[PDB]
Amino acid sequence: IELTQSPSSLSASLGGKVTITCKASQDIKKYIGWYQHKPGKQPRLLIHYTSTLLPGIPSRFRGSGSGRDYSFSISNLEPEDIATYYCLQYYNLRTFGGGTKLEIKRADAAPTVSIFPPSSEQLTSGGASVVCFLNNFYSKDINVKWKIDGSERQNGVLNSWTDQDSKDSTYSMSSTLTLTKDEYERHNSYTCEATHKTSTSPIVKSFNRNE
Amino acid sequence: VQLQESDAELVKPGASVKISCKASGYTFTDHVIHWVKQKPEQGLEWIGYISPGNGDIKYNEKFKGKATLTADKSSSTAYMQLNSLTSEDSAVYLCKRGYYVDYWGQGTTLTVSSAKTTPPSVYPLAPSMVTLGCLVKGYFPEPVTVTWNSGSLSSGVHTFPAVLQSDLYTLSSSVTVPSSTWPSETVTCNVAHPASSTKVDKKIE
Ligand SMILES: CCCC[C@H](NC(=O)CCC(=O)O)P(=O)(O)Oc1ccccc1
Ligand SMILES: [Zn+2]
Ligand SMILES: [Zn+2]
Ligand SMILES: [Zn+2]
């Protein structure tokens, strides 16, 4: 038994609705369940036997279906509902769906940028990394332009976003530029530029070495 | 009710591994233990289950011959053996107690690679409200866990998903405290890399 889940990922408004579908390969006779998987926590059962809600789970979570075709809904979205959701047939053995990674929209938020020099411990090595955190922003989309002495540096960068904040709907993002200790010392000015929808001109953070 | 899963593992291609799932807190033979395959990125995949007592084992057809489930009633511990390891078997493995609170194990990150273990080099990242950081650079394999002030700072913390570049992992973590508290008071990040048995603290000065 195969289970086909759609959508793979979704972005829905705060106080809005979402519908996830699962399509079994055979009649699974309403023996389907729906789980909520929050990062580094419980896969938490929400709904079993298609529609039966597990205890304490709000009225706004619902489940439907029969045969091979099943649905799950959540209306009146709250930030706390940021999770990847799975269906699970337990009619004959067990099979999960592919998951639906859910995001909940929010009011656009400008990032707090912070540039950090290489540590004197890192300069014991032949490498020197400049780090830049662009914290608690919404609209996941963001360009981090590095500038060394006013010139754009594209190679040698490492970006990573956090998963969406479960409490306040923002993302955080970390960009690390690594250079050799000697290439780092050939320059002065280090800039972490941030292109986001909330500003028409980049939120920029710098430091000067020979200062 | 406890489901203490075994430690994080690194193993060469072609070899085998055994993951344990030590149950405690309830009667072992009252429930089955399922093993699930976790992601990366997305997706949980059911491998199979075992009955303590009964001995009945059910498998996913994909995992028959790949995985071997055992249970030891005398020690209340379910095992999974995984064989002829390839990199597709690199994943997090979760055991679960059959649910008819629902209890799962914590996870076991299995990595299948020819690479060796490198502990991370933890670098302090110093500059109303101030932001500090730690760069956990160049380690292998996953995972790493970062705390700040031994779990006392949390809400201003943002730890970043590791990114593999040139066969090594690097993640960073930032904490944002009021300027009022640093440097007058100490801020230290604690980074653990289980696969190299290192616990490293770095005071941000
Ligand atoms: C979804 C509700 C049924 C859960 C199952 N419980 C039963 O089937 C008990 C009898 C019942 O009333 O149908 P279980 O937790 O074993 O499945 C798994 C296996 C792997 C991962 C997650 C759940
Ligand atoms: Zn140069
Ligand atoms: Zn019980
Ligand atoms: Zn049986």
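Could you state, as a whole-number percent, how many of the C-alpha pairs of chain A are farther apart than 23 Å?
57
Rounded to whole Hz and in sequence order, give me ³J(HN,Hα) for segment A:168-180 from the Karplus expression 6.51 cos²θ - 1.76 cosθ + 1.60, θ = phi - 60°, writing x for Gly and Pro.
Whole-Hz 3J(HN,Hα) from phi for segment A:168-180: 10, 6, 9, 9, 10, 8, 10, 10, 10, 9, 10, 10, 6.
Take the protein assembly as shown, compute every pairwise Cα distance, and split them into 20 Å bins from 0; I just need the percent in each bin.
23, 52, 24, 1
Reported to two decimal places, what Rg/Rh ratio describes segment A:102-211 when computed on Cα atoms with Rh from the Kirkwood expression? It would help to have the intermediate numbers written out before the result.
Values: Rg = 15.0 Å, Rh = 14.7 Å.
Computed over Cα atoms, the ratio is 1.02.
Please compute one quarter of the surface area of the Cα convex hull for segment A:1-105 and express it in square nanometres.
For segment A:1-105, averaging the hull's shadow over all directions gives 5.9 nm².
In a shell of Cβ-Cβ distance under 10 Å around A:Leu54, excluding A:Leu54 itself, what net charge do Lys and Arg (+1) and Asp and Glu (-1) give? Spell out each step's value before the answer.
On the way: positive: A:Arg44; negative: B:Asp102.
That sum, taken over residues with Cβ under 10 Å, equals 0.
Provide Rg over Rh for segment B:36-170; use the alpha carbon set for both Rg and the Kirkwood Rh (inverse mean inverse pair distance).
Reported Rg/Rh, Kirkwood definition of Rh: 1.06.
Rounded to whole Å and sorted largest first, list the principal axis extents of the Cα atoms in segment B:115-203.
Largest to smallest, the principal-axis extents are 45, 22, 19 Å.
What three numbers, in Å, describe the spread of the alpha carbons of segment B:1-114 along their principal axes, ordered from the longest?
Its Cα atoms span 40, 25, 23 Å along the three principal axes.
Could you name the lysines in cross-link range of A:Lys197, using Cα to Cα under 20 Å and dropping any fewer than eight places away on the same chain?
Within the straight-line cut-off, A:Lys197 pairs with A:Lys105, A:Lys140, A:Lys145, A:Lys205.
Per-residue ellipticity at 222 nm for the protein assembly as shown, helices alone: DSSP H runs ≥ 4 residues times -39500 (n - 2.57), over residue total, nearest 500 deg cm²/dmol?
Working: 1 runs with 5 residues, N = 416.
So the helix-based figure for the protein assembly as shown works out to 0 deg cm²/dmol.
Taking θ = phi - 60°, what integer Hz values does the Karplus form 6.51 cos²θ - 1.76 cosθ + 1.60 yield along segment B:66-71, in sequence order, with x for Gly and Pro?
Once rounded to whole Hz, the list reads 7, 10, 10, 8, 9, 8.
Where a number appears in this text, it was derived from the coordinates with a stated rule and is not lab data. We place every Cβ from the backbone using ideal geometry, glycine too, and count neighbours over all the protein chains shown.
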